Amino acid sequence: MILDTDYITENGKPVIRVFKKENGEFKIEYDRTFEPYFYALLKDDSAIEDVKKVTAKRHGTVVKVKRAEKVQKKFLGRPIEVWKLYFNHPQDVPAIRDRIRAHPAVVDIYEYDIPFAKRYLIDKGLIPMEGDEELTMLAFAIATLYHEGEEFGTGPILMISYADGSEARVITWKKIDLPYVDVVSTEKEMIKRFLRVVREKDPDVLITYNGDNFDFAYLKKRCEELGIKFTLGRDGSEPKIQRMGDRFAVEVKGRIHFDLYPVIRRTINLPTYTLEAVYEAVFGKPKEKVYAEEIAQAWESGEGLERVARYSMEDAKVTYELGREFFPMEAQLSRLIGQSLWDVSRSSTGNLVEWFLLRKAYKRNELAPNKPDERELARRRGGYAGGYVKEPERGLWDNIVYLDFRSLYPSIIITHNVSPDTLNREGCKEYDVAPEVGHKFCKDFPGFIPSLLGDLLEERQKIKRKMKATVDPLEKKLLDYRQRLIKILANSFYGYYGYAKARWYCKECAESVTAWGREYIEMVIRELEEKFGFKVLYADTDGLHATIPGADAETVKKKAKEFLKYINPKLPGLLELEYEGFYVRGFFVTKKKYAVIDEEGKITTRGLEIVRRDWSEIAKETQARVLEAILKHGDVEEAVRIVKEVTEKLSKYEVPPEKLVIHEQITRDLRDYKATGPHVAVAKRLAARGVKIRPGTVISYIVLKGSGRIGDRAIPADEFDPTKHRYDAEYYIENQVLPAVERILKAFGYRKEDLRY
DNA sequence: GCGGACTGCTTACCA
DNA sequence: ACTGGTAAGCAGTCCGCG
DNA sequence: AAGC
Ligand SMILES: [Ca+2]
Ligand SMILES: [Ca+2]
């Protein structure tokens, strides 16, 4: 099982290190033979002698082309001849590449920004996280004395919690008498004690919650101020910080630093992402929250020190529990993309697709397009036409069928062979032509992406067969992750085609997919309404809600399945329409906003305030209780009694403040905001007080009684106090509750004023 | 000038 | 930070008005 | 080779 790769320099020459776990033991394999390289397209081959003589400087050392061999490759289908240029050190490439491109004889250069360690994984054909190797994991958390205003690192680390399968303990330097607490001389020895526990436990995986930004940064600054060599690595190295956009990332050599925060942020949609919120969402069990202001007063007084210690251990225990939960699916993602778990767990879809495609490109001798420069990036600014959204037939309807396509965009990319290397190919025998955009795609030979997509559909069939024919419940779950992750990778290719920063960016490809999508959904709707007996109530990109008005449940279902048996044969390749479910009643409010109830009484909510975090619980809860009244029962009169009851409760200040919190994200650097609404106003006040507001930060706030701009009375939910502050009853009635319930009751001819009081 | 309509900046949903 | 399509809140600006 |  390969964990990761990296390189070191021995007498100015690079040596690859492969970190693996074989037969229960950890091993480092060294490779001295691998050479860095990039490609150069020349005007004529005679010029190679001039290009070989091109030089540069790196740390006051003369850098030259080590040697050059002429190679035959494919570039977007067509065969191309380029010169592979080898160099002594990977650092030679960034030093010299600009000058080799500048040279008049050189048309272009390619594959010059591929990190050396990852180049090795791809070219040697190595896949990390192969086999079934039982990896040992240690979770850890820290507790700190904070004070409002101080620089990050001033406050000493009070406690270091850690957890595995066997135990969950706390290291501290205060007199706290508990079984799991370990008291020691000073902060210095506490940190040294933790370093000894990891040396003695020798974990393959370190698990933190937001350790990329908080935990490891704090330990680096405290180790500097105390003069400790923080050697957590298996080669004896210290943890290395790395930049990754708006955020940083901590690497620990030989171990896998598994930070759950980026994982959770990409995997679960929650109103907030506190360790307490994520625990409740994943496992269902509650978790107590001890604040810094409470924690500090408990450290100085020493009265509440025992309570803070329980919080410290619970963070470690829960973090390990979450670690164990997410690691296996992430280790499958590592296998599928063919990069380290460390990289894959911190990567967005763009980089995952790009890494997958780079690997496949090497296998198929495909030269990789360059990442766009500032000027090319500017040319990709323009958008293109998307999905078709039918204006719904608003109101309450009975006996509804939901019909949708299966993997519509992947179906299209495969069926119509949509690829940059098939776009406007010269002298193709056969073509598929995009309906409105009018792009010709060659059918003579399979396209790169289409072919990979074919591979993934068949690979998924194989996995689904293996799952039925396997007794072991563990291997069943592992194969279930693999096929679920394949399905996601497949549904990512459309978006990547339209992603300006993509190497294999193709607007014409993206445009053609959406255009075909619109042709098919609109054709299905037209057929369903003209030929068959159906009224199409609503239709989004790849799915429609239909009924036959003068008909009953058994009829609507029978006629629907008949329509599938009709249409599917008429749809080309793997374009299939499917019966997804029947609904007794459906309530269509606007585009993207509706609710349906099935035969079993389960209500499915789409797009309404109920699902959105930037609405208060009181509004969402009240909208849900008004939907239930109308969808499940028949009583519009019951809904009117609920809205009137909630408005009365708000007026008498009886609704608890937990139900008034509004959650809005900060999406950019605070300076980049042109408009300044409540969450931004609240965020700027926290920033002025010296709180770290990164993009991704969720602002939780409450509106206090007063007039004028909402932002002026917006306060962090944390700092609300019933004794001093009074929440804005009129705001929560007129701006939160009544608007949410009026979406629904608007259709039944209720005025907003009539629902009040 | 008033007070309500309109619009650009946001966000978080949908697919 | 994989795409476009969309409703809607907030806070400024615009615009009817008799 | 790191942080920035
Ligand atoms: Ca549905
Ligand atoms: Ca078919």
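Virtual Cβ from ideal backbone geometry, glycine too; neighbours counted across all protein chains shown. Numbers and lists here come from the model and the stated rules, or from a named source; none is laboratory data.
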Original post:
Can A:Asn417 be described as among the polar types (S, T, N, Q) and either assigned to a helix (DSSP H, G or I) or closer than 30 Å to A:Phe588 by Cβ (or both)?
Top reply: no
Original post:
Does A:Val437 fit the bill of being surrounded by fewer than 19 Cβ atoms within 10 Å (Cβ to Cβ) and touching a residue at least 60 places away in the same chain (Cβ under 8 Å)?
Top reply: yes
**OP:** Only one of these is within 16 Å of DNA strand C (Cβ to nearest atom), in contact with a helix residue (DSSP H, G or I) (Cβ under 9 Å, 6 or more places away or on another chain) and not hydrophobic (A, V, I, L, M, F, W, C): A:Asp212, A:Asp246. Name it.
**Re:** A:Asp212
**OP:** Scan segment A:535-572 for residues that are within 16 Å of DNA strand C (Cβ to nearest atom) and within 16 Å of A:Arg406 (Cα to Cα) and jot them down.
**Re:** A:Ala539, A:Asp540, A:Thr541, A:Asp542, A:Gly543, A:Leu544, A:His545
Original post:
If you check A:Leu403 against the conditions, is it more than 16 Å from ligand 2 (Cβ to nearest atom) and either touching a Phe, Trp or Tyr at 6+ places or on another chain (Cβ under 7 Å) or in a helix (DSSP H, G or I) (or both)?
Top reply: no
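Mind telling me which of the residues A:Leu408, A:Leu377 ends up being within 16 Å of ligand 1 (Cβ to nearest atom) and under 28 Å from the mean Cα position of the chain (by Cα)?
Numbers: A:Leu377 fails: within 16 Å of ligand 1 (Cβ to nearest atom).
One residue alone meets the criteria, A:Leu408.
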Original post:
Which one is farthest from A:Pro392 (Cα to Cα), of the residues in segment A:540-556 that are more than 13 Å from ligand 1 (Cβ to nearest atom) and of a type outside the set (S, T, N, Q)?
Top reply: A:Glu554
Original post:
Checking A:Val698 against (1) surrounded by 14 or more Cβ atoms within 10 Å (Cβ to Cβ); (2) under 18 Å from A:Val655 (Cα atoms), which test does it fail?
Top reply: (2)
**OP:** Having 2 or more residues that are surrounded by 14 or more Cβ atoms within 10 Å (Cβ to Cβ) and in contact (Cβ under 8 Å) with a residue 60 or more places away in the chain is the bar; report the strands (runs of 3 or more DSSP E) wholly within segment A:1-111 that clear it.
**Re:** A:2-10, A:13-22, A:25-31, A:37-42, A:67-75, A:78-86, A:106-110
**OP:** Go through (1) buried (at least 20 other Cβ atoms within 10 Å of the Cβ); (2) assigned by CATH to the domain that holds A:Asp215 and name the single condition A:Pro328 misses.
**Re:** (1)
**OP:** Under 9 Å between Cβ atoms, at least 6 apart or on separate chains: pull out the pairs that start in segment A:240-253 with a residue that is not assigned by CATH to the domain that holds A:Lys220 and end on any residue that is among the β-branched types (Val, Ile, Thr) and within 16 Å of ligand 2 (Cβ to nearest atom).
**Re:** none
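Name the residue, out of A:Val54, A:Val82, that is away from ligand 1 (no atom under 16 Å from the Cβ), of a type in the set (A, V, I, L, M, F, W, C) and closer than 30 Å to A:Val418 by Cα.
A:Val82
Conditions tested, residue by residue: (1) under 30 Å from A:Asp728 (Cα atoms); (2) of a type outside the set (A, V, I, L, M, F, W, C).
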{"site": "A:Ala560", "(1), (2)": "no, no"}
{"site": "A:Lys570", "(1), (2)": "no, yes"}
{"site": "A:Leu575", "(1), (2)": "no, no"}
{"site": "A:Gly581", "(1), (2)": "no, yes"}
{"site": "A:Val589", "(1), (2)": "yes, no"}
{"site": "A:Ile610", "(1), (2)": "yes, no"}
{"site": "A:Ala639", "(1), (2)": "yes, no"}
{"site": "A:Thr647", "(1), (2)": "yes, yes"}
**OP:** Looking only at segment A:572-594, count how many residues are more than 22 Å from A:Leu528 (Cα to Cα) and either within 16 Å of ligand 2 (Cβ to nearest atom) or of a type outside the set (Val, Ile, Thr) (or both).
**Re:** 1
**OP:** Give the residues of segment A:62-94 that are of a type in the set (A, V, I, L, M, F, W, C) and farther than 26 Å from A:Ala117 by Cβ, sorted by residue number.
**Re:** A:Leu76, A:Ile80
**OP:** Considering each of A:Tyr494, A:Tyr505, A:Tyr481 in turn, give the residue that is in a loop (DSSP other than H, G, I, E, B), surrounded by 15 or more Cβ atoms within 10 Å (Cβ to Cβ) and touching a residue at least 24 places away in the same chain (Cβ under 8 Å).
**Re:** A:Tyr505
Original post:
Has segment A:335-346 got at least one residue that is under 16 Å from A:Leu456 (Cβ atoms), in contact with an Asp or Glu (Cβ under 9 Å, 6 or more places away or on another chain) and not hydrophobic (A, V, I, L, M, F, W, C)?
Top reply: yes
Original post:
Filter segment A:202-251 for residues that are among the basic types (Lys, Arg) and part of a loop (DSSP other than H, G, I, E, B); which is nearest to A:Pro262 (Cα to Cα)?
Top reply: A:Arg234
**OP:** Restrict the check to segment A:131-140 and report whether at least one residue is in contact (Cβ under 8 Å) with a residue 60 or more places away in the chain, of a type in the set (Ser, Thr, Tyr) and outside the structural domain of A:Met159 (by CATH).
**Re:** no
